[PDB]
Structure formats: structure tokens, C-alpha cells
Amino acid sequence: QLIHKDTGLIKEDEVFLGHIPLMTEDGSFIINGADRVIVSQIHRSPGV
Amino acid sequence: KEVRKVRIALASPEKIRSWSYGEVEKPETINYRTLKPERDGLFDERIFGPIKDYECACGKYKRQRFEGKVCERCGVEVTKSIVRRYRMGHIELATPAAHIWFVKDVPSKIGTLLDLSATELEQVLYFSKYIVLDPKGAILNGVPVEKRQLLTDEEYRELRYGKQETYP
Amino acid sequence: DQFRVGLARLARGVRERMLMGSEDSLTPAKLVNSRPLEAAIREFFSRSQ
Amino acid sequence: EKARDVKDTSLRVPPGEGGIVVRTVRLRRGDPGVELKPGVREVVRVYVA
Amino acid sequence: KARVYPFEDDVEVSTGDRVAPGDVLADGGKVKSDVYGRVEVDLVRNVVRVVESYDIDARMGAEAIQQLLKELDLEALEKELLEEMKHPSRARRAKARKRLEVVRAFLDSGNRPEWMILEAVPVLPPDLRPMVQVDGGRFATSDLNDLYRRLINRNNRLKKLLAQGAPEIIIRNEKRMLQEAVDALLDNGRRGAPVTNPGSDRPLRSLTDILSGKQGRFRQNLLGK
Amino acid sequence: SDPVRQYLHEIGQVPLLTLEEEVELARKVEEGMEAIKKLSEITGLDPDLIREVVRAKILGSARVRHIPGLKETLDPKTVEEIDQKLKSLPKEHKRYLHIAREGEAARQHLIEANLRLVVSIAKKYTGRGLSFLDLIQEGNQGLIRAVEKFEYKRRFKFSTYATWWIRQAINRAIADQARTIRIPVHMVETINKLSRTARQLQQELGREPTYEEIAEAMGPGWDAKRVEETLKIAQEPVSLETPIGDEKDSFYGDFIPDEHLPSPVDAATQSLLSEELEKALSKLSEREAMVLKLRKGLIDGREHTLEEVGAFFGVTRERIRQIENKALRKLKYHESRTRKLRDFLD
Amino acid sequence: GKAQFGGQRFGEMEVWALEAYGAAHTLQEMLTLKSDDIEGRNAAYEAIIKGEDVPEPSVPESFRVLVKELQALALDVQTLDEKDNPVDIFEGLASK
RNA sequence: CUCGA
DNA sequence: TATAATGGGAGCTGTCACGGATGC
DNA sequence: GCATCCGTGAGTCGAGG
Ligand SMILES: [Mg+2]
Ligand SMILES: [Zn+2]
């Protein structure tokens, strides 16, 4: 929604943002026809 | 003759120009609809040579009979296309530019010759400070300007255009 | 994370469009260019390590 | 003999490969559900088991 | 900080002109110059004003550097460095030696120091930085072409800016950008941020990158094939 | 270290004009140009030359270069001759010279004072194929144009008129430089319109549009084929140094064969062809073989007419044509007999 | 690569092996006729299909590439004979 | 990048 | 071609040994 | 005379994509 502070005018709309890849039942993706897997990454945890 | 040695040396501007077959004046590559090299651009057959063996750009000459002949209509030498691997071009700079190898390879060769530190050479080369070539009897803070002196922007402006100020 | 990056780029585009154009006839659709978001996602799923 | 206008640019079995053809897929421009990348008239896929 | 000089007759100097003491300002030579400075002819106030300033030659960039390098007399400097080698302090002998090695390198080679500054930038043959059409009919090209195009654009814009009498800040900026463009062409990443193509973090492959390293020309194409 | 920071500092050195200072400078510039016109009227010289001499004196000896339009090469000698031709004028005439000088000075100061506006505008055109500094410089050119075209009589602020020329310059720059394969500005506008239209269509369709839908949305004169051809012509090249696995592994260029140079096989085939053709030609008399060679271009690289070969051997064109025919006939006979040249026909 | 019908890489270490064997001609062959010598490889193929012995190799193309790329860095690399007189490896094709 | 020696 | 508009905006950083200007 | 910042190397080939 778009709001002008002075006018008080409010315009609202549902906008299309594109697509998001879906994970298959088995935990993988299909990207441009080919099955792919996003491998988990280990890193140093945030903190002090 | 037999190759026995290989020498390497600095190239002078004149040497470079002697290598060149033409100046590249336009940042253009090829034409967007003909897919042929643009004139005076990075792929120009006028400069670097013909794309096809023994054939000018327009097509007035298409055989080996004409060899060394430079077409008058399109300005392309009738020769082997292989020369597009060998013929150099050049770009004539409006202002001189330092060859970074002789600047950043520490210690700087240029900086060593002129007794300039890396910081000073950087400040001059990338336009952060001026350097004096002829003081012309100038005076800064009482002490007269000595040659090869490092002036800031404020100092140089005060010395070259004078001191002044506006008060509201 | 990549979604967040793409969204940030989209937002920059949004403010950029808010500075321009007619100031009374602006719809969400006019301000939002989705291309950088789609690009970030596509980049993640295609060319991420 | 007049030299022909066109030449052989066919897809052939590479050295050391081959077998039995089990599937073909043909995608043509100007046909339902089909839109290839710009300039591409058609794409053919052959599966060899 | 200026000196005023009123005039009742035709003035001999115009605005901008640089002036030394004992210079003919106006009135056929009656009123002259006291200090060093720049001329501001005030027609309203009817006065020749002189803002105190010298006609210094202080330059910036590879123009200045090239000048100083051209001025160098190698043999004299060699003499002085030899005198510096006779010094007791070990450090001064070290520095003098290090300098004298460069000096004598130039002396013995026959190379001129100023040649370390470029006036004409060479352009590699196009077949070594090709623009080729791939299988699908699309085009692939070397980064060198983009580096060269950056260079040419900045150079041409510089020539136009000089042709149209642009101010100092603008020309300085353009020259700086030109130097950086040459630096990107020869050795991208060596100074400052590496040049990248739009929509990518990948540094463009410069002339230095082509030669050196495990993927460089020597190891990848000459010592093995 | 950071060129942008440095430039913003150098820009920060020059203070922003007040309305009065601005108007004053603009006035001085306008009257300066008028003065150059008057000096052209009096001296009979070229306004351009006079402008260049005045500008030369204002700037200094540091910047004295040849101007493209000038019929005379601008060197300190000539500018001194012209400056002495100007200084040798009567008072009321010599006045315009001072007017002009102060005009140029005001010009410089006006640009330099208005270098910030260019930045404030140019910062909105990033990510379009041109560096920030490049955008700034082009915008600066636009600013110069604005300075030279501005008119203070209309009581409009200089920023208003400058912004237009600055935007014009930046946009022109982007449309002229952003692509490696240069595309004419009008075509660039068409391509960008096509893009905006496709994007609107996808924004309304919840998917990317077909060529057909784009054509529909583009109006009359546009069909699917034209959309496709436009998109095809708009395609930018990819880098040969694009990495395939990682930076230390492979480059796209490594997978591209050279199609130009003849392979060893092709070269050897051509060689064997020449040799076999000479072999076959040796079975003819020297004249018929030579006539064939001249008519097919195996000698001096070009095929002669029947009149040229005929004049070369000293016979009628009909005669030489008949000799060519009998030569060919013998070649066909021998070839049918030995079948040594068939395989080269592909 | 097999897909591009490619050749095996004869790397630095393989070269070292040939050097250690003193197999100078085998090595030079790998360097020239077998890879990147255009006149050399063409003539070698033709000679072999003719049943003749392979000819003497000449300059590898990647060395010409090296020379040109050094020229692009404003360095003048010159092949000289024993009398210190320049020898043109580009056969006049690059000299005006 | 992942795999192999 | 004229309302006025006037200083950017990226930035996670877990190795190692040497030659170097330096610069403490 | 001694700690500090910078630039540079860090196995091979082969395969997939
Ligand atoms: Mg239509
Ligand atoms: Zn021609």
C-alpha cells in the first residue's frame, strides 16, 4: 500500500514479484530442468 | 637467420607509434546489424587487417593478385587475415599516463629515480597534490618555493591566484 | 538471505522511482520493479556454490 | 555439378557412444505451448539407451 | 589581498593577465605595477586591481612526473650518488646504491626514464581479444575490449573537455579517471578497487592477469601444452 | 584513495552561489558573449577565434591546444598576434575586450559553483552500465552546455535550466556507451520501450509474456516476429573469461573452437587437390592446360575472358573457347577412366 | 575434454620428465608440431599421409601471442641473432 | 565447485 | 531547451611467509 | 636498530556441469 503523509491518500494493490523455486517432496529442487540440491553450510555461530 | 637471444626493453612513444597501423579513435566494436567492424574502432580492418584472406572490406579486391595493394574505396590492405593476430594499434592520450608497473612495483622505479616516496608519487599521479617545476620566485610562509615542492590545493591556490575571502 | 538481498535492491529501485515521476499518480505497481529480486533468486539457485 | 546452397550440419553419434533410440522430443516455433529463445526455429532431443 | 591602481586614461592590460613589478598597467605607462599579481580590470570602479600572486608552474599527474623525468641528467646523478656512496652512514650508502642500480640500469640499457610514462597506449591485435559468435549465434568477447573502451571513452571525453575550455576540477577529475583506466587496462586490481562489468563482482581480466599465475600465459601455454 | 570521495571534497571547496552572485555571473557571461560578437563586428575576425584567444588568456599558457573548428592552429604565437591586434584598439572598442575577459571568468566560476547539482542528479543513474564518475563527467558536459545557453532575463534560477541539459547529457551518455556492440539511440529507445512493455505485461499476467502478447501491447506495426528480431538484435555479448567452475578452474573461452583457420586435414586435402589437378592437367597439351588455368584462375589468381586468353595465344575467341572445350572433354574422358578426382567433389 | 574431442595436457611436470630423459626432439615435437604450430602441424599431417618424415618445427603460435601481449604492455621484446640483429618471427606481416 | 587417481 | 532542484554508499573475513618501504 | 602493512605464492592430471 502507498500512503502520502500529507494527502492521507492510500492506494493498495497486490503486485506480482516473480516466481520462487519449490522444494519437491524428497527435498530437492528442479532448476531449468535439472535436479539440484542446496547443501547446508557450517559456520561459526554469532555471539560473543 | 637463427634466433639466439631474446631482448626485452622499454618501448618509447615513437616505437609504439611505429608498431601501430592506425589509431583507434572510437570505442566501437562491430555493427549491431551487419556484424562487421566499425570504422576507427577496436576491430577495424583498416587498422588491424582483413577478416578474410586477400579480400578488402567492400569487396572490390578479392584475390592474391592484388597483394600489398590498399583498396581506395574502403582502405583495407589485400593480404592474409592472419595479420589480425599480429598488427598493433594505438590510442593517443590527451594527457600522459604512468605505466603502473613502474609505480606500484615497490620500490617504485620512477619514485626511486626522482627520489619520491610512494605516498608523494601517489599524491602527484592521482591528482591530490601539485609539484613545482618552476617556482618563478614564489613565496609560501616566508620561505621561498623550492623546486619539486609538494603543495596542497589550498597552498597552490593561495600562491597562484592569491588570498581572499567573502564575509556575509 | 539471497531473497533479502534482492528485496533490498528492489527497495533501492523503489525509492529511486519515488523521487521521479508524477507524485499524485503513483501506484505500488508503478514503483515496484521485480527484476532484481528475481535475479537474486535465480542467481542463488543457478550459480551459488 | 552446381555446388549446393546448403551443407551437412547434422547431429551424429560421438565416438564411443550409441545404442538404441528410445525417445524423441521436437519443439517447433509457431506451435501451441512453444516459444524458444530468440532466433531458434526448432529444438530436437534424442534419447539413446 | 590586492593592490589598487586607479586610471584616468586607456589601460594597457586586460583581466586575467599576469603581472610582475615594473609592468605597464595603464595611462600610457604612467601608472605601473608594484607587486607580483593577477590583473582585475574594474571598469565600474575605474581601477586596475592586482591580486597578489605568482606565475608558478606547479603541475599534477603523469604530465608533471614525465617532465621531471625528462629533466633528469643520468650521468650527473650517477656522480652525486657515487659521492653518496663514500658516506660513512651505512643507510645512506644503501639508498644511494639502490638508486644507482636503477640509474645505471637506464644508462647501460639505453632506455630513457620518461618512457615509463605513456603517451601512446598500444592496442593488442583483435584476434588476441576476439569478438566471436558462438554455437547458438550469440557473441562472446574478451574483457580487454571493455577495458580499451573505457580508456577510449575517457580519453575522447578528455579531448572534448579540453576543446571546450572546461574548468580545473573537471579536467583534473577526467585526468585522474584516465590514469585509472590505463591502470585497469594494464594491471586491474593493482591500485584501488578492481574494475568489474555491470551486474557482476568479477574483476575484468587485464593484461597482467593474462601473463602471470598458474592460469597465465607462461605456465598454461608455454611451459606446458 | 577513493576517487569519488576526493572529487566530492574538491567539489566541496567551491561555495554555493547566492541568488545575487548567480545572476551577476550569468549577466557577465551573456554580456561577454555579446562583447565577443561586437569584437567580431569591429575586427572583422572570427568570433570563434576571438573567443578562443580570450579563453586562452583567462586560462593561461598551461592550456593552449588546437580547436577542431578553428581554421588556424591555436598556438601562443597566434594568440599573441590576435591579443596584440585586440589591444591595439581605441578605448571605446577596447572596452569589449575587458567585457569578454570578465565574461569567460564568470563562465568558469559559474560552472565550478554548479558542480554539485550534477552529482545530485547523476547519483540517480547508477547501475545502468556507466560508472558514477563517468555519469558525473557527462553531466558536467551538460552543465557546460547549460551555462552557455542560459538566459538570466527570464528570472528563472540556473538550477532549473541546468537540470534539463544535465539529464540530457547523462541519458545520451548511457544510450551511447553502455553497450559493447553500439546501438543507435532511437533503437535503444525502442528496446527499452519493449522491455517496459514486457515488464508491465508480466506484472499483469503473473508470468512472462509471449512474443505475441508483447506485439499486441506494442500496437500496430508490431508482430511476434518483429519482437523476436528486436530482442535478438538487443542481445549483449558474454565474457570469454567467464568462469565455469571457480576462478582457478576454467574459462568459457576454453570451450570455443577456432572455426577460421583451416585444420591440418583441410589443408592437406587442398594440397592433394592441387597436386591431383596438376597431374590431370599434365595429360593435356601445354596450351589447353594453360587455357584452362587462365579461364579458371589458377595462374594469376583471376579468370580471364575468352578475349584475353585468345589475345594471349593469338587466336579468335571462338578458337580459344573451342580449345577450352576440347581440353575439358579430354579431362572428362581421363577422369572417367581413372576416377582420381571424384572424391574431392564432396 | 572428450566432449570437444580434446587433446591430453602435457603439463610442466611431463615436460620435466622428457627433459630429464634428454628426449629433446620428442619434447620439441610436443611443443610445436603436436601443439600450436600451425604451419608445423599442417605440414606434419600432410607429410605423414604422404609417407614422408615430419618436417622441422618452427615457432609456436603462443610465443607470438606472448610477444604481442608484452607489446600491449609497452614492452619491446626482440628475438635477435648472434650478431644482435633483430630476427622477425612474424615474417614481415606485422612490420609496416 | 563436486568427483577420480 | 526555463518552477526549483547543489557532497555516494558500499562494507562477514577462520592462512602464511617474505621483501619493503618504513616508521616507530 | 626493531615491530608494522602490503603483496604473493600455496601438486597433477583427468571427469561432471
Ligand atoms: Mg501488433
Ligand atoms: Zn575495398
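Could you run the Debye sum over the Cα atoms of chain F, one equal point scatterer each and no solvent, and tell me log10 of I(q)/I(0) at q = 0.07, 0.09 Å⁻¹, two decimals?
Values, matching the q order: -0.69, -0.82.
Report the full-extension gain for the segment G:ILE89 to G:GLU39: residue separation times 0.36 nm, less the Cα-Cα distance, to one decimal in nm. List each step's numbers first, then the result.
Working: separation 50, 0.36 × 50 = 18.00 nm, distance 1.30 nm.
Length gained between G:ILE89 and G:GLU39: 16.7 nm.
Label-point separation (nm) for F:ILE233 and D:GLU17, each offset 7 Å from Cα along Cα-to-Cβ?
Between F:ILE233 and D:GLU17, the simple spin-label model gives 3.7 nm.
Select from the range F:112-208 those chymotrypsin sites (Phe, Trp or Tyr not before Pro) which occupy a DSSP coil region and have at most 11 other Cβ atoms within 10 Å, ordered by residue number. Before the final figure, lay out each step's value.
Details: sites: F:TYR125, F:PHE132, F:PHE150, F:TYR152, F:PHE156, F:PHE158, F:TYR161, F:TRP164, F:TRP165; in loops: F:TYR125, F:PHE150, F:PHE156.
Loop-located and lightly packed - F:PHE156.
Please sort through the DSSP H helices of chain E and keep those with an alpha-carbon extent of at least 20 Å along the long axis and a Kyte-Doolittle average not below -1.0. Mind showing how you got there, number by number?
Numbers: long enough: E:90-109 (28 Å, -0.83); E:143-163 (30 Å, -0.90); E:168-187 (28 Å, -0.14).
Passing helices, by number: E:90-109, E:143-163, E:168-187.
Report, to the nearest 10°, how far helix F:132-149 tilts away from the longest principal axis of the Cα atoms in chain F, using its own Cα long axis and a range of 0 to 90°.
Relative to chain F, helix F:132-149 is tipped by roughly 60 degrees.
Give the Rg/Rh ratio for the range F:183-236, taking Rg as the radius of gyration of the Cα atoms and Rh as the Kirkwood radius, to two decimals.
Details: Rg = 10.7 Å, Rh = 11.2 Å.
Answer for the range F:183-236: 0.95.
Over the range F:262-342, consider all pairs of different Cα atoms and compute the Kirkwood hydrodynamic radius from their mean reciprocal separation; express it in Å, one decimal. If you can, show how the numbers build up before the last one.
On the way: mean 1/r = 0.0738 Å⁻¹.
The Cα-based Kirkwood calculation yields 13.5 Å.
Can you tell me, using C-alpha contacts under 8 Å and at least 6 residues apart, the relative contact order of the range E:33-172 as a whole percent?
Numbers: 80 pairs, mean separation 16.4, N = 140.
Relative contact order for the range E:33-172 comes out at 12 percent.
What is the local net charge at G:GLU12, summed over the other residues whose Cβ is closer than 13 Å to its Cβ (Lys, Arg +1; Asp, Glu -1)? Write down the numbers at each step before the final one.
On the way: positive: E:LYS214, E:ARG219, E:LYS225, G:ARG9; negative: G:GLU14, G:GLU19.
Cβ neighbours under 13 Å give a net charge of +2.
Over 19 Å apart: what share of the alpha carbon pairs of the range F:1-77 falls there, rounded to a whole percent?
Numbers: 1720 of 2926 pairs.
It works out to 59 percent of all Cα pairs.
Which FRET efficiency value, to the nearest 0.05, do you get for E:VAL4 and F:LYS71 by plugging their Cβ-Cβ distance into 1/(1 + (r/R0)^6) with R0 = 41 Å? Write down the numbers at each step before the final one.
Values: r = 41 Å, r/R0 = 1.00.
The value I calculate is 0.50.
Using θ = phi - 60° and the Karplus curve 6.51 cos²θ - 1.76 cosθ + 1.60, what whole-Hz ³J(HN,Hα) does each residue of the range F:46-60 get, with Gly and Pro shown as x?
Ordered by residue, 3J(HN,Hα) equals 8, x, 5, 4, 4, 4, 5, 5, 4, 4, 4, 5, 5, 6, x Hz.
Relative to the longest principal Cα axis of chain C, at what angle does helix C:35-47 sit, 0 to 90 degrees, rounded to 10?
For helix C:35-47, the angle is close to 0 degrees.
Please compute the Kirkwood hydrodynamic radius over the range E:113-175, one decimal place, Å, based on all pairs of different Cα atoms. Provide the component values of the computation, followed by the final result.
Details: mean 1/r = 0.0691 Å⁻¹.
After inverting the mean inverse Cα-Cα distance, the result is 14.5 Å.
Towards the positive end of the charge dipole of chain G, with charges on Cβ (+1 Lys, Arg; -1 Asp, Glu), say which of G:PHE5, G:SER62, G:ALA43 has the farthest Cα.
G:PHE5
Per-residue Cβ counts within 10 Å, from other chains only, averaged over D:38-45: what number is that? Could the numbers behind the result be given before it?
Values: counts 13, 9, 4, 0, 0, 0, 0, 0.
Neighbouring Cβ atoms belonging to other protein chains average 3 per residue here.
Using only the alpha carbons of the range B:41-161, what is the convex hull's orientation-averaged projected area in square nanometres? It would help to have the intermediate numbers written out before the result.
Working: hull surface 49.2 nm².
Mean projected area for the range B:41-161: 12.3 nm², to one decimal.
May I ask which of D:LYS37/F:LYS193; B:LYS26/F:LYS124; F:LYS296/F:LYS332 have a Cα-Cα span longer than 24 Å here? Don't skip to the end; give the middle numbers.
Numbers: D:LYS37/F:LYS193 20 Å; B:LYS26/F:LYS124 27 Å; F:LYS296/F:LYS332 16 Å.
Flagged as over cut-off: B:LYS26/F:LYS124.
Ignoring everything except DSSP H segments at least 4 long, calculate the 222 nm mean residue ellipticity for the protein assembly as shown; use -39,500 (n - 2.57) per segment, divide by total residues, nearest 500.
Values: 34 runs with 431 residues, N = 981.
Computed ellipticity for the protein assembly as shown at 222 nm equals -14000 deg cm²/dmol.
Based on the Cα atoms of chain E, what semi-axes does the equivalent ellipsoid have, where each is the square root of 5 times one gyration tensor eigenvalue, given in whole Å with the largest first? Please list the in-between numbers first.
Working: eigenvalues 503, 203, 36 Å².
Three semi-axes, in Å: 50, 32, 13.
First obtain the Kirkwood hydrodynamic radius of the protein assembly as shown from its Cα pairs, then insert it into the Stokes-Einstein equation at 25 °C and 0.890 mPa s, and state the resulting D in µm² per second as a whole number. Could the numbers behind the result be given before it?
On the way: Rh = 34.5 Å.
Result for D is 71 µm²/s.
If the cut-off is 27 Å between C-alpha atoms, which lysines fall inside it for E:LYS86, apart from same-chain ones fewer than 8 positions away?
E:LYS86 reaches B:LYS109, B:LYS147, E:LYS95, E:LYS98.
For E:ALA58, what residues show an amide H to amide H distance below 5 Å, using hydrogens built from the backbone and excluding near sequence neighbours?
Residues meeting the amide H criterion: B:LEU133.
Kindly state, to the nearest 0.05, the FRET efficiency for F:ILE256 paired with C:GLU43, given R0 = 25 Å and r defined as their beta-carbon distance.
Efficiency computed from Cβ-Cβ geometry: 0.55.
In µm²/s, what is D for the range F:1-179 at 37 °C and 0.692 mPa s, where D = kT/(6 pi eta Rh) by Stokes-Einstein and Rh is the Kirkwood radius from Cα pairs? Don't skip to the answer; put the middle values down first.
Working: Rh = 17.8 Å.
The Stokes-Einstein estimate is 184 µm²/s.
Which three semi-axes in whole Å describe the equivalent ellipsoid of chain G, each the square root of 5 times a Cα gyration tensor eigenvalue, listed largest first? Walk me through the intermediate numbers first.
Values: eigenvalues 141, 65, 54 Å².
Equivalent-ellipsoid dimensions as semi-axes: 27, 18, 16 Å.
Can you compute 3J(HN,Hα) from phi for each residue in the range G:86-94, using the Karplus curve 6.51 cos²θ - 1.76 cosθ + 1.60 with θ = phi - 60°, rounded to whole Hz and x for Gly and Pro?
The phi angles translate into x, 10, 8, 8, 9, 6, x, 5, 10 Hz.
Do any of F:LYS293/G:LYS50; B:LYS5/E:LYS175; F:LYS283/G:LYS50 go past 28 Å between their Cα atoms, and which?
Details: F:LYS293/G:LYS50 26 Å; B:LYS5/E:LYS175 40 Å; F:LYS283/G:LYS50 23 Å.
Beyond 28 Å: B:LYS5/E:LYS175.
Taking neighbour Cβ counts within 10 Å as the exposure measure, how do B:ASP44, E:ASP201, E:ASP10 sort from fewest upward? Spell out each step's value before the answer.
Details: B:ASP44 25, E:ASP201 7, E:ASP10 15.
With the sparsest Cβ surroundings first, the list reads E:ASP201, E:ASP10, B:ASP44.
Each reported figure results from applying straightforward, stated rules to the coordinates on display, with no laboratory input. Note that each Cβ is placed from the backbone with ideal geometry, even for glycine, and that neighbours are counted across all protein chains shown.
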